[PDB]
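Two versions of one and the same chain are coming, encoded as structure tokens; call them structure 1 and structure 2.
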Structure 1
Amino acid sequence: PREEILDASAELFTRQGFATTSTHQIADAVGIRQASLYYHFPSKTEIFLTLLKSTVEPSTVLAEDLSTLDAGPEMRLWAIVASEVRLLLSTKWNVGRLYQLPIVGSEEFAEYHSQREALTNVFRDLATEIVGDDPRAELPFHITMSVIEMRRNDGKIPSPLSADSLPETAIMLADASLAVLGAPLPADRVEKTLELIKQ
């Protein structure tokens, strides 16, 4: 019920943006009274925030634990790129699209700003271990985020979350991330990443 509201909001937000989407629409979408929607969320902003943090917080949490494991920076970067793409392909709607909406810059979303900055730092720091003080160090994060422009957005999960395999696109973008750094692909990257995903 709570998750149904979030799903419908995700669709409306990613399709219409923030400003035009109304609570009336969200409530109508899930087929409940607006009073009933209010029980669940006080404002569309709180909904928008709830979506936004459920989307990146799992990445940042996972990011520091994998950035701090016993491999090399090539492997750690490959794992974080692959895990992040894995996440972005695991949702019914393309919630990553929400980052691009002008509203997210506002002070209300300071919690997201911090989490996004933290993730960006992880990508950049790992990358600089490989290429040093080099502008290419910015690239792995953007390469990772480009999946948001590649995946569908129609209510069907492009790649259901799996512990047994990585999505082709996840592997591709992770391979691309090292190629751009001129770093060779580490041995047994996928299996290790899957193990590095589990902890």
Structure 2
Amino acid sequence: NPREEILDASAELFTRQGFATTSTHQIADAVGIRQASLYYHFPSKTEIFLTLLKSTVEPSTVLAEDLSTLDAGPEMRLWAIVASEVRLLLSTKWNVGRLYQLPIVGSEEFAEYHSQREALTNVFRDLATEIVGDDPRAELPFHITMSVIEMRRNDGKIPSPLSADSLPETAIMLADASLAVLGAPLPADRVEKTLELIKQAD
């Protein structure tokens, strides 16, 4: 409970200001306590950031790794993964997708989180190579997906909560743009297998 208020206050501060510019004092004041009291619940300011980062990088990678196994066309699997990731990043209270873009993540310690983010890019890149071959356009579907980070709000209200029966329009547009840059036709009933394939991957 008090651990949750610290992570929520840190999520807001880190996404808006970054890790280095945010101070433990600022985190404690948002909680309503004083700076030293944070260290009862967490060992270090870094550990708060790692907890938030680990709750964003790893569900994104296991979701894409689960949707690559399922039986569909490469265009269908790529369209589903792009739509699923955007729906992931549009379902959080804060724009936690920003946490990886922070300069501090470029530190040489995040080899654990670098491999998960390179594995996530490998899923995007490999499905695209299956569509258009050894073409530099294969690297575009992943950056088209992450561009939602620059579009969604960060005021504390969830842009599009998750639904079993619906998909956000931003997720559908970015998924259509991903197939478009590869010159691939859009599969029939994109949204209605993705909801089933998302239901498949638990």
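Here, residue number means position along structure 1's sequence, counting from 1. Take the two forms, find the largest set of C-alpha atoms that superpose within 1.5 Å, and that set is the rigid core.
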Answer check: the form solved without the DNA matches structure 1
I want to make sure I read this right: if the two forms are fitted on their rigid core, which of 33, 152, 136, 142 has a C-alpha displacement of 2 angstroms or more between structure 1 and structure 2? 33
Shift in Å of the C-alpha at residue 79 between structure 1 and structure 2 after core superposition: 0.4
If I align on the rigid core, how far apart are the two C-alpha positions of residue 108 between structure 1 and structure 2? Answer in Å. 3.0
